[PDB]
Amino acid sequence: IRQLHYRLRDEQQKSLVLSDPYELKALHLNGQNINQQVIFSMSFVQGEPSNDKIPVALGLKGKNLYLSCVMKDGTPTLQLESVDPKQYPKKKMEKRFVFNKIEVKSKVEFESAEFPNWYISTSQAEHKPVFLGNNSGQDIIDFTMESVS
């Protein structure tokens, strides 16, 4: 299926990067460093409520890794999950892979379809991993989407 490539930067202008083999971190990168950041691949998912948000799946470009949400250790958790390079991406992704892209201004927010009210969020500090938060204080849930290719 068609997959649009983008790069995300939280509202504080922090670019996202892949560090631990299966972990995303957000930090401040200048124009000389905005090339080492992750390019996501967004595709539409047919198991949709629509509502007013667009359901999408977010994988990393070129890799068989997708962001998914799971109930782990008594708390919803964002995780980078590997999948069969043959079956993915599929038109009707499993619910844990689904995010509802919501647009407010020029900012986008990604709510977990599985865990409503939980968003892909970043902390105020640098080098902290991107997580599934619920929007509280030092939690940045608004992102900018730069179209890559």
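Numbers for residues come from their place in the sequence shown, where the first is 1.
- Between 21-29 and 135-143, it is 135-143 that carries the larger average Cα temperature factor according to the deposited entry.
- The mean C-alpha temperature factor is higher for 86-94 when 86-94 and 107-115 are set side by side.
- The top Cα temperature factor in the record, among 100, 46, 41, 122, falls on 46.
- Highest C-alpha temperature factor among 64, 68, 50, 37 per the entry: 50.
- Sort the modelled residues of the chain by CA B factor and residue 10 lands in the lowest third.
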